[PDB]
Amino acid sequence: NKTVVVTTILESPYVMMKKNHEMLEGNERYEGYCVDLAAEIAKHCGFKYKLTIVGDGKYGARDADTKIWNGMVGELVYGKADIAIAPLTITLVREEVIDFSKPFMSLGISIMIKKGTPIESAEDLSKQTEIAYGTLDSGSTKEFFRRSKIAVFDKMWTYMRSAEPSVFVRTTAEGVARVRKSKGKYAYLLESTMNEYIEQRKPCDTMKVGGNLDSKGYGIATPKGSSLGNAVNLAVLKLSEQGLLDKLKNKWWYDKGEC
């Protein structure tokens, strides 16, 4: 019986450093939605675990011409972690190389603007040029636009992939800072979950506008054919049905919202 290595990512409010983390040890250094969820999954499946932050700070993408997976997906694919408990989006290209539980949280790509920005939709972004816009790198949102055959989204991708300087950012935090610092001249495309969270945080100067561009979910991921997969899947469904996932969302998004 071995300690399960959990890969996750510093992404608020999923996993964050506790204020006093320096004086704490192991799993106690972290807090957030996925820290709470990991404890519950492990309890219900009966395993001990170690939270580890993914080394390259990425979600997971396959390099073209190198074909190596980076991020949390890479940690699973190459045997460095036993399970990923993170806001990791269920996508076809990932499900081909790793296993996902049923989803524990729903989301869709969405638009973040600085308040007052003259934008209400993706169509709006696509039909103008004054306001720049981009996505996270090495994630499922970038891939959505890269692959889309829908005219509005193809138009946005054609713009974003060629825009200079780059409209892509390394972390969600970078995208949010760029929105806040650009006086309305930058909009950020990110998952509704993260958008909704930031909307509840000081300085309360951003907001989600328009509907979501797609509809999908986060899943708990394991290496393909892992024996952990079945129990983890059943645990997600149990925690869903018992209302835990709704409680955790309220706790980390809304209960202590600052706006």
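Start at 1 and count along the sequence shown; that's the residue number.
Compare the mean C-alpha B-factor of 222-230 with that of 61-69 as given in the PDB entry, and name the stretch with the higher value.
According to the PDB entry, the answer is 61-69.
Mean C-alpha B-factor higher for 153-161, or for 85-93?
Mean C-alpha B-factor is greater for 153-161.
Could you say which of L248, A235, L10, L24 has its CA atom at the highest B factor, as listed in the PDB entry?
Highest CA B-factor of the listed options: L24.
Out of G184, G134, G108, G74, which shows the largest CA B-factor listed in the entry?
That would be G184.
Sorting by Cα B-factor within the chain, modelled residues only, which third would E199 end up in: lowest, middle or highest?
As the PDB entry reports it, the C-alpha B-factor of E199 lands in the middle third of its chain.
For the chain shown, is the CA B-factor of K114 in the lowest, middle or highest third of its modelled residues?
Its C-alpha B-factor, which the entry lists for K114, ranks in the middle third among residues of this chain.
By the recorded C-alpha temperature factor, relative to the other modelled residues in its chain, which third is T172 in?
Middle third - that is where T172 ends up once the chain's C-alpha B-factors are sorted.
Lowest, middle or highest third: where is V6 by C-alpha B factor in its chain?
As the PDB entry reports it, the C-alpha B-factor of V6 lands in the lowest third of its chain.
Sort the modelled residues of this chain by their C-alpha B factor and say whether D99 lands in the lowest, middle or highest third.
CA B-factor rank for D99: lowest third.
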